[PDB]
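Just so it is clear, the values below take in all heavy atoms, side chains as well, and ignore hydrogens, waters and symmetry mates. Chain A is the first sequence line, chain B the second, and so forth, proteins listed ahead of strands; every chain is numbered from 1.
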Amino acid sequence: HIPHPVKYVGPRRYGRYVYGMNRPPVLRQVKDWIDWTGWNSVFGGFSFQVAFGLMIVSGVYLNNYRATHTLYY
Amino acid sequence: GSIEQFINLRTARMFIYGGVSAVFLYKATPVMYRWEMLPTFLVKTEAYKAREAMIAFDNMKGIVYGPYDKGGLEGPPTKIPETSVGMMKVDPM
Amino acid sequence: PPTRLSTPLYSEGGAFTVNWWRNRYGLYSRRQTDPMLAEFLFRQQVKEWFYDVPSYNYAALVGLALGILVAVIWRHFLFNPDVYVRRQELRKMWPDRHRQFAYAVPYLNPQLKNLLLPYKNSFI
Amino acid sequence: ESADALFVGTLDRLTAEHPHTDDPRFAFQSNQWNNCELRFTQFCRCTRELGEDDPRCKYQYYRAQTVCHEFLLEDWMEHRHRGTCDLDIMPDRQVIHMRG
Amino acid sequence: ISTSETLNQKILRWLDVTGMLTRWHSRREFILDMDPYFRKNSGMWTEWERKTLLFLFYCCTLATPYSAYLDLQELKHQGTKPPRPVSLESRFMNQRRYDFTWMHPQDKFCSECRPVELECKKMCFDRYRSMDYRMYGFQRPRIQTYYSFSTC
Amino acid sequence: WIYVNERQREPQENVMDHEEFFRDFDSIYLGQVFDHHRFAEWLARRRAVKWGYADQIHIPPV
Amino acid sequence: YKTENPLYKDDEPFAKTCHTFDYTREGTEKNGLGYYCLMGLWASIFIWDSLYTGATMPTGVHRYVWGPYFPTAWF
Amino acid sequence: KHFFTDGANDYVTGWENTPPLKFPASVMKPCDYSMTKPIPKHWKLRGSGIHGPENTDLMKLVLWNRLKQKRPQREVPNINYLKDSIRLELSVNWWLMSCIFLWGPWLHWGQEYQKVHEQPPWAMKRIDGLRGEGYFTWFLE
Amino acid sequence: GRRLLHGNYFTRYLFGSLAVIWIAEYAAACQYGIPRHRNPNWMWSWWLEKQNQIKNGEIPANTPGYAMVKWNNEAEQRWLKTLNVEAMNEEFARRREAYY
Amino acid sequence: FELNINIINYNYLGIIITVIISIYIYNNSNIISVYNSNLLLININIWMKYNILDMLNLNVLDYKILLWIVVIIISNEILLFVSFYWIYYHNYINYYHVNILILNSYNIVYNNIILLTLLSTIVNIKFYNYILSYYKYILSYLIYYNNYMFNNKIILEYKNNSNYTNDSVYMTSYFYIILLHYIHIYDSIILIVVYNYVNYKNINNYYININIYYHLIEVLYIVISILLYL
Amino acid sequence: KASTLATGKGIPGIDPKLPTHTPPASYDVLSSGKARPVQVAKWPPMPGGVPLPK
Ligand SMILES: CCCCCCCCCCCCCCCCCC(=O)OC[C@H](COP(=O)([O-])OCC(O)COP(=O)([O-])OC[C@@H](COC(=O)CCCCCCCCCCCCCCCCC)OC(=O)CCCCCCCCCCCCCCCCC)OC(=O)CCCCCCCCCCCCCCCCC
Ligand SMILES: CCCCCCCCCCCCCCCCCC(=O)OC[C@H](COP(=O)([O-])OCC(O)COP(=O)([O-])OC[C@@H](COC(=O)CCCCCCCCCCCCCCCCC)OC(=O)CCCCCCCCCCCCCCCCC)OC(=O)CCCCCCCCCCCCCCCCC
Ligand SMILES: CCCCCCCCCCCCCCCCCC(=O)OC[C@H](COP(=O)([O-])OCC(O)COP(=O)([O-])OC[C@@H](COC(=O)CCCCCCCCCCCCCCCCC)OC(=O)CCCCCCCCCCCCCCCCC)OC(=O)CCCCCCCCCCCCCCCCC
Ligand SMILES: CCCCCCCCCCCCCCCCCC(=O)OC[C@H](COP(=O)([O-])OCC(O)COP(=O)([O-])OC[C@@H](COC(=O)CCCCCCCCCCCCCCCCC)OC(=O)CCCCCCCCCCCCCCCCC)OC(=O)CCCCCCCCCCCCCCCCC
Ligand SMILES: CCCCCCCC/C=C/CCCCCCCC(=O)OC[C@H](COP(=O)(O)OCCN)OC(=O)CCCCCCC/C=C/CCCCCCCC
Ligand SMILES: CCCCCCCC/C=C\CCCCCCCC(=O)OC[C@H](COP(=O)(O)OCCN)OC(=O)CCCCCCC/C=C/CCCCCCCC
Ligand SMILES: CCCCCCCC/C=C\CCCCCCCC(=O)OC[C@H](COP(=O)(O)OCCN)OC(=O)CCCCCCC/C=C/CCCCCCCC
Ligand SMILES: CCCCCCCCCCCCCCCC(=O)OC[C@H](COP(=O)(O)O)OC(=O)CCCCCCCCCCCCCCC
């Protein structure tokens with residue numbers, strides 16, 4: 001373990017919830033939440049499915065389309 | 001000069017963004033149709049109709065009473081066993 | 001091997017070093033309860049095992065055996081015609097497995113077989 | 001009439017002219033079970049195209065006998081005659097690609 | 001309709017009908033929703049831990065309906081599984097050295113049928129019934145029973 | 001309860017004739033995905049014919 | 001007075017003693033550029049093998065501007 | 001962390017080999033007397049000399065490890081520690097999201113295409129007359 | 001807080017191992033010169049010719065493979081007695097008209 | 001002072017449990033086996049009672065000893081699955097060209113993966129609450145619903161499958177590998193039914209054991225899914 | 001903060017007194033004293049900055 005600072009640089013408090021007034025845009029809020037809880041969990045969790053999905057769906061071009069246009073017989 | 005008045009940055013982000021979107025849909029929609037990506041209820045592809053036209057629900061043949069077909073000229077049994085006749089508890093009609 | 005805790009132990013950088021070993025040696029230890037005692041026990045183990053000259057001979061042997069073990073396992077999967085991992089050829093009858101048959105002849109003629117077969121006359 | 005004619009055309013020809021020698025596809029292994037299955041499948045396909053009476057398919061059966069023990073062939077030939085030999089099932093009636 | 005609130009406030013209110021959003025945005029509301037015994041330990045929680053716990057909890061519960069939908073579709077698929085061709089008994093298919101009796105070592109019901117071969121057992125139970133020996137199952141039409149997942 | 005509830009029902013028609021299946025492969029193999037309601041009704045009628053209680057039951061129309 | 005929110009404070013260092021823990025020179029904390037290069041190569045080999053099926057069976061005709069013993073010929 | 005380790009992740013007893021960095025060295029310090037200057041010859045050994053509680057630092061380490069177990073408030077860790085504590089939980093949750101929103105859509109698309117064209121969209125169409133879906137994972141063919 | 005394994009060990013040794021396996025396999029193929037083009041079809045030449053004839057329309061559609069061979073097993077002889085390709089085609093034609 | 005360890009002098013469960021095992025061999029009726037299994041369950045519970053009572057000794061090494069025992073047990077479970085994978089892949093050369101219908105790669109795999117992932121998320125939330133000294137009643141009932149669906153799906157799949165154990169070594173290995181996973185799912189039900197809040201918290205070996213075991217079952221299914229369905 | 005060279009005195013960005021960039025400030029009158037002319041464009045600029053004849 002190497003000690004290191006906290007990388008979160010977004011706002012630390014939005015203030016008291018008052019019927020959802022004076023709060024950031026929703027997309028900005030989603031970005032802040034993932035910054036707060038760590039992008040490392042997002043990348044690790046999504047990595048496996050992204051790798052599998054890309055490999056399978058790439059065959060639409062690599063295996064199906066190219067093969068039809070590239071058969072020397 | 002008479003058209004300069006109609007350029008107002010909203011018209012430039014409604015023509016430029018609206019124009020690129022139109023090209024994207026114009027060029028992408030045929031591809032989605034070909035690859036069966038469009039919703040079925042919205043439209044059915046010709047390939048979809050060709051397959052569906054081959055489907056019927058009135059075939060009552062091939063009923064067999066054995067797990068295996070052991071070859072030969074007789075094939076799997078096709079007659080219900082006598083002991084199994086009238087063994088179903090059917091609610092009154 | 002120093003005998004005084006004041007004298008530091010030289011360590012290199014990397015994944016297998018004195019510092020790397022110190023960090024992990026006492027993770028599961030109930031006996032290393034303070035710095036002085038922890039260092040004493042750490043140096044005791046390092047002195048007993050890593051400064052023992054004959055121990056390095058066994059390190060060489062495990063490396064050689066494992067190296068051969070990994071190579072033979074990998075070679076079977078990569079080159080052996082009879083070993084199947086992909087399924088394209090297994091979905092066809094035997095006469096149609098053209099791609100698999102490509103492994104047969106080259107796998108039948110490894111270099112060492114050619115070198116050593118001529119030495120049969122030392123036995124017969 | 002060429003020195004390498006055996007290899008040319010097919011790998012099959014190699015053991016057709018030298019029935020009692022190793023087949024190039026299975027020479028690496030002592031176990032010849034897969035060799036027997038390939039030979040039998042070849043005999044099954046010959047009859048479909050040429051018919052049993054053809055001398056070619058008669059020799060293909062002999063090639064199978066060169067590597068297949070008789071107790072195997074008798075059982076497999078029985079399945080072929082009935083129509084349950086998985087080797088001889090016609091391609092359009094295979095189920096290998098069904099349900100996955 | 002109510003015009004005393006914005007459209008966003010109205011949408012948030014209804015999504016909060018069970019109080020989930022209110023508990024998320026109020027520490028006091030969250031701790032008071034705990035039972036008294038566990039509220040004793042709530043003071044030690046950081047806001048990071050509290051909201052992170054709710055995020056994991058809400059994602060799990062919100063995903064449960066989706067899994068239920070998949071399971072229901074799976075049950076419907078199995079409930080109306082299309083028939084498949086009868087298997088040709090190949091060279092190494094359907095080999096038996098002895099009858100199937102490991103389920104019933106002493107009774108030896110359906111010795112010829114395999115442990116989960118339902119159609120074989122049905123005809124075998126019918127023989128036993130015809131011999132004045134009761135057996136349970138395979139008598140009610142699938143469309144006349146509940147939980148069949150085979151109704152039109 | 002799951003086992004007991006299912007055991008009461010007649011078994012589904014697991015298999016059919018080998019040749020008849022292939023002569024109507026598209027309908028049988030793909031019938032479920034295209035129209036599951038009609039396909040389910042078709043299965044019920046076959047089960048009624050198979051076990052000889054078709055005349056004793058009224059299969060709802062689809 | 002002035003205070004720091006504990007949530008955003010830095011990690012405490014290992015104590016400096018006779019028995020000091022140090023991971024600074026190990027280089028095991030995170031995957032490095034070499035790992036991401038291996039991933040890039042794996043993607044390239046995966047795409048390349050599918051795109052160009054005849055790559056494994058290359059042509060035997062050899063044509064060199066400066067012959068076969070010139071460095072550019074070797075690669 | 002989930003797994004218990006006597007050295008680092010000792011949550012069963014809470015023992016720590018060294019005191020907190022908050023305390024001044026005068027108040028409490030790590031138990032290290034490796035740098036002790038040579039003892040004068042005229043000094044005489046009164047105690048055992050055995051490593052143990054006679055040494056002040058070890059006594060204070062034992063005392064603190066027992067008396068630290070009651071504290072008025074929580075000692076709040078930084079967000080880095082809190083992230084690490086539930087790293088597996090957060091990652092499994094994101095994996096569930098990926099299955100629902102990435103795998104599900106393209107798996108559904110493949111089945112629909114397979115219905116119309118007899119084979120998945122990522123497979124070469126056959127010309128050999130065999131019927132059925134065929135393989136799914138094309139790159140393992 | 002002390003670490004025993006690589007900071008990203010799980011992803012490192014899973015994706016890393018898969019990458020090394022894939023790259024090693026490509027190297028092995030190059031050394032042995034194995035063809036890497038994928039064929040999803042059976043290679044029986046006579047059968048492929050018959051399938052092409054069906055596609056060209058020379059052979060009536062939905063004609064079984066056993067209807068085209070020179071040797072039939074017992075099970076196929078059973079099926080040939082009930083085979084009516086002409087009737088099957090008419091039934092399919094009727095279905096298309098109803099659908100459209 | 002006191003002895004480092006409070007010795008256990010006598011025990012009689014060992015005789016009872018061993019005799020219960022023998023009754024399985026010497027049965028003349030399968031009904032006796034069913035009732036014998038209940039006795040085994042009862043006596044194993046008594047042994048678990050002794051472990052809880054040992055807390056009175058206040059021995060720091062007791063937690064560590066039991067934790068490492070579980071690690072060894074986990075390894076044995078993994079190696080048992082390895083043998084089944086070994087059996088499956090030995091006959092790999094005989095698969096995929098025999099006239100049997102192998103399982104689809106679209107329906108069963110996806111819902112099971114989704115279903116088992118939810119099970120992991122529930123257990124993860126239990127661990128988080130255990131860290132925070134907190135409890136949520138609904139969590140246990142989510143597991144029961146999860147286990148109910150898994151049982152319902154697997155039962156139907158076996159009954160509607162058109163191939164049998166005697167058809168091919170492929171089918172035998174498919175059924176056996178899936179059953180072995182189910183048995184480990186059922187063992188999880190045996191463990192999770194007693195989940196409660198205990199006020200001595202992080203010195204309770206049960207919580208760490210359950211988290212490790214549930215994770216093992218789920219990861220094993222990923223390997224099974226890749227081998228058989230995909 | 002930026003009190004000594006070690007703390008960052010004289011380093012743009014770190015030192016408060018020195019800005020990261022020194023862009024010229026806008027003006028409303030030319031140095032001659034003429035008012036700065038204003039031109040509101042409605043079409044993109046010429047490809048090469050070519051001026052049109054008066
Ligand atoms: C391709 C796509 C598909 C992929 C499919 C993949 C399938 C995988 C199947 C896996 C099945 C599930 C198994 C794990 C279930 C539990 C999961 C869990 O809870 O994880 C989170 C959790 C994370 O822990 P944490 O403390 O929160 O860590 C926080 C951070 O991660 C940071 O933590 P940290 O780094 O600071 O370290 C703390 C933590 C770090 O540890 C972990 O977190 C462990 C994570 C493991 C996850 C699984 C990854 C795969 C591992 C493969 C190992 C292969 C072994 C070699 C095989 C050789 C074959 C020839 O330490 C521990 O927890 C210690 C645990 C005790 C380890 C005991 C090991 C005994 C065996 C030693 C080797 C024996 C051979 C010696 C040979 C040489 C002789 C000279 O893990 C645990 O706590 C699990 C520990 C308890 C279970 C251990 C099981 C050990 C089994 C040993 C088998 C030995 C067999 C030897 C013979 C074999 C050949 C004959
Ligand atoms: C002119 C022509 C132009 C042509 C242009 C062509 C363009 C082509 C584009 C190609 C692009 C290629 C890109 C390559 C470079 C990639 C660079 C990169 O980012 O690499 C690293 C990147 C990520 O690695 P990383 O940086 O280490 O990750 C950072 C982490 O945050 C590290 O942080 P961490 O370690 O803290 O992470 C969190 C970690 C923290 O760990 C812990 O908390 C400690 C405990 C760990 C041990 C856990 C033990 C077990 C846990 C139990 C719980 C299980 C829950 C689930 C239960 C399921 C039950 C069913 O925990 C976890 O991650 C594990 C727990 C989460 C749940 C695990 C779920 C199970 C996983 C195992 C099974 C996986 C297989 C599933 C298969 C499906 C289902 C069967 O790697 C990849 O993404 C892999 C590369 C894939 C390459 C594919 C190439 C082929 C495809 C090409 C597609 C395009 C072709 C199109 C055609 C073109 C024709 C021309
Ligand atoms: C105008 C009204 C509009 C209503 C719209 C419908 C909304 C229905 C929502 C149902 C959500 C169920 C989620 C189940 C997972 C477990 C949830 C949980 O953790 O509960 C903890 C909660 C409290 O646990 P605790 O341990 O005391 O506290 C733990 C926390 O500290 C504190 O826990 P917490 O307070 O944070 O809990 C947060 C939340 C966490 O969960 C969620 O937020 C998940 C939300 C998922 C939404 C699912 C919507 C499904 C709707 C599908 C409709 C499809 C229609 C198709 C049409 C086809 C046309 C052809 O949990 C709940 O709020 C669960 C529901 C509570 C209701 C309990 C009373 C009995 C059921 C009443 C149902 C009334 C329905 C009225 C419909 C009227 C429509 C005009 O547990 C209970 O209350 C006890 C057990 C009962 C809960 C489950 C009740 C299931 C009711 C299902 C109703 C919908 C059926 C749709 C059938 C469609 C067939 C086609
Ligand atoms: C699907 C997704 C698609 C995503 C789309 C995303 C779109 C994003 C937004 C796009 C917005 C574009 C417009 C914004 C305004 C322009 C930008 C601007 O002013 O920036 C400031 C920028 C610089 O500002 P400044 O620094 O303040 O000005 C100082 C200087 O006075 C001026 O600065 P300077 O002195 O530096 O010079 C400016 C510039 C001069 O400006 C340009 O060069 C502009 C070029 C525009 C080209 C557009 C047409 C070509 C593309 C056609 C695509 C067809 C697609 C067909 C699809 C079919 C589908 C079925 O010169 C250079 O930068 C020097 C370039 C040197 C390299 C040249 C290399 C040439 C190599 C050729 C080799 C060929 C060899 C083979 C022979 C081939 C023979 C054919 O201003 C300029 O660049 C001024 C000129 C602007 C001209 C804009 C022309 C727009 C044309 C639109 C045509 C639409 C037709 C629609 C047809 C019907 C539709 C249904
Ligand atoms: C100014 C520019 C604006 C641009 C806006 C772009 C909008 C793009 C919107 C894209 C929407 C795509 C929706 C795809 C949903 C597919 C759902 C689906 O297939 O559901 C079925 C499947 C389960 O079905 P089964 O029968 O079980 O089969 C699979 C397992 N056996 O369920 C799921 O897939 C559930 C997951 C739902 C995924 C939803 C994806 C939504 C994507 C939204 C993208 C929005 C982009 C916005 C961009 C804005 C830029 C300014
Ligand atoms: C066991 C089968 C399981 C199938 C699982 C399917 C999912 C695939 C992904 C996970 C498994 C990893 C394998 C991926 C392979 C990808 C490339 C591929 O298809 O390779 C096929 C290729 C061979 O297939 P065929 O062409 O049919 O045979 C030709 C003649 N033999 O397979 C291989 O060579 C790779 C298979 C082995 C991979 C595992 C690594 C092998 C070495 C193990 C060494 C073990 C000893 C100890 C090592 C210590 C290391 C620190
Ligand atoms: C209050 C009552 C509650 C009941 C419900 C809840 C509790 C449930 C407990 C867990 C049940 C787990 C059951 C595990 C065995 C499942 C058996 C099974 O399915 O076997 C069949 C399945 C597939 O077979 P086919 O029918 O050919 O498949 C074709 C598909 N149509 O696999 C097998 O055949 C293998 C069978 C292995 C059974 C092993 C179980 C242990 C049996 C031991 C008997 C020993 C008897 C000798 C005396 C010693 C007594 C200990
Ligand atoms: C017991 C069986 C276990 C399972 C089987 C495992 C077998 C394989 C295991 C390998 C080790 C896995 C972990 C690897 C971790 C890792 O990535 O480790 C990453 C390291 C770099 O480390 P850092 O980046 O962390 O410092 O990479 C390496 O040391 C090697 C990989 C980098 C890329 C190598 C390039 C190879 C070139 C090949 C020729 C290409 C030709 C192209 C022509 C155009």
Side-chain angles (χ1 to χ4, degrees), chain C residues 1-11 18-47 74 76-103, chain H residues 1-19 21 25 28-39 49-66 119 123-124 126-141:
Chain C
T3 55
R4 300 298 304 274
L5 299 185
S6 57
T7 59
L9 284 177
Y10 173 81
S11 177
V18 169
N19 288 339
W20 173 97
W21 181 231
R22 184 189 292 106
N23 302 331
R24 295 163 178 73
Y25 179 56
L27 279 172
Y28 309 106
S29 61
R30 63 176 186 85
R31 293 142 74 260
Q32 307 178 26
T33 63
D34 52 313
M36 289 290 290
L37 195 59
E39 187 65 12
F40 171 83
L41 293 172
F42 168 73
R43 296 191 177 185
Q44 186 184 251
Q45 186 276 332
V46 171
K47 161 177 284 295
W74 218 339
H76 270 101
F77 279 114
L78 297 176
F79 302 102
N80 186 287
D82 193 86
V83 179
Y84 293 78
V85 183
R86 294 188 177 92
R87 296 162 180 173
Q88 171 180 296
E89 300 296 66
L90 292 176
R91 299 183 202 282
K92 309 176 184 180
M93 308 311 305
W94 272 104
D96 298 333
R97 300 175 181 180
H98 293 303
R99 187 183 67 185
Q100 201 72 2
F101 298 150
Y103 294 85
Chain H
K1 302 180 181 166
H2 291 238
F3 201 78
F4 163 84
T5 58
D6 296 320
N9 197 28
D10 182 3
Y11 56 87
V12 174
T13 54
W15 177 267
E16 294 181 31
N17 285 24
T18 57
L21 307 178
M28 234 194 304
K29 56 175 71 174
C31 176
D32 187 6
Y33 53 88
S34 62
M35 71 300 287
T36 295
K37 275 57 178 178
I39 306 291
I50 296 279
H51 176 70
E54 288 158 79
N55 179 252
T56 307
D57 298 351
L58 198 146
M59 170 275 299
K60 289 187 180 187
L61 185 69
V62 173
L63 184 61
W64 165 76
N65 272 303
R66 302 226 55 79
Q119 292 180 242
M124 290 171 62
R126 300 186 307 271
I127 61 172
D128 59 358
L130 279 65
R131 312 301 313 278
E133 309 171 358
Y135 59 80
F136 176 91
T137 167
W138 65 273
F139 55 82
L140 285 176
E141 291 296 317

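For the set C/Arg4, C/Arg30, C/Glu89, C/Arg87, the entry with the most heavy-atom pairs within less than 4.5 Å of chain H is C/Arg87. Among the candidates C/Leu5, C/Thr33, C/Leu90, the residue making the largest number of heavy-atom pairs closer than 4.5 Å to chain H is C/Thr33. Ranked by heavy-atom pairs under 4.5 Å with chain H, the first of C/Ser29, C/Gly26, C/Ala38 is C/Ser29.
Of all the heavy atoms in C/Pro35 and H/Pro30, the pair that sits closest is CG-CB, 4.5 Å. For the pair H/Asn17 and C/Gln32, the tightest heavy-atom approach, listed with the atom from each and the gap, is ND2-O, 2.7 Å. The heavy-atom pair separating H/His51 from C/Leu37 by the smallest distance is NE2-CB, 3.9 Å.
For CG of H/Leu21, the number of neighbouring non-hydrogen atoms (other residues, nucleotides, ligands) closer than 6.0 Å is greater than 12. With a 6.0 Å radius and a threshold of 12 heavy atoms from other residues, nucleotides or ligands, H/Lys29 has its NZ atom at or below the threshold. In C/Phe40, the CZ atom is not crowded: 12 or fewer heavy atoms of neighbouring residues, nucleotides or ligands sit closer than 6.0 Å. The neighbour count for C/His76 NE2, taken as heavy atoms of other residues, nucleotides or ligands under 6.0 Å away, does not exceed 12.
Contacts between H/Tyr33 and chain C at a heavy-atom distance below 4.5 Å involve backbone atoms as well as side-chain atoms. With a 4.5 Å cut-off on non-hydrogen atoms, H/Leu140 touches chain C through its backbone but not through its side chain. Looking at H/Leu58, the atoms closer than 4.5 Å to chain C (heavy atoms on both sides) all sit in the side chain, from C-beta outward.
Between H/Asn55 and C/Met36 the shortest side-chain heavy-atom distance does not fall below 4.5 Å. Counting heavy atoms from C-beta outward, H/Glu141 and C/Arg86 have side chains that stay 4.5 Å or more apart. For the pair C/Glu39 and H/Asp32, the minimum side-chain heavy-atom distance is 4.5 Å or more. In this structure, H/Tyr135 and C/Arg91 have side chains that are in contact, with non-hydrogen atoms separated by less than 4.5 Å.
C/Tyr28 OH to H/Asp6 CG: the interatomic distance, rounded to the nearest 0.5 Å, is 10.0 Å.
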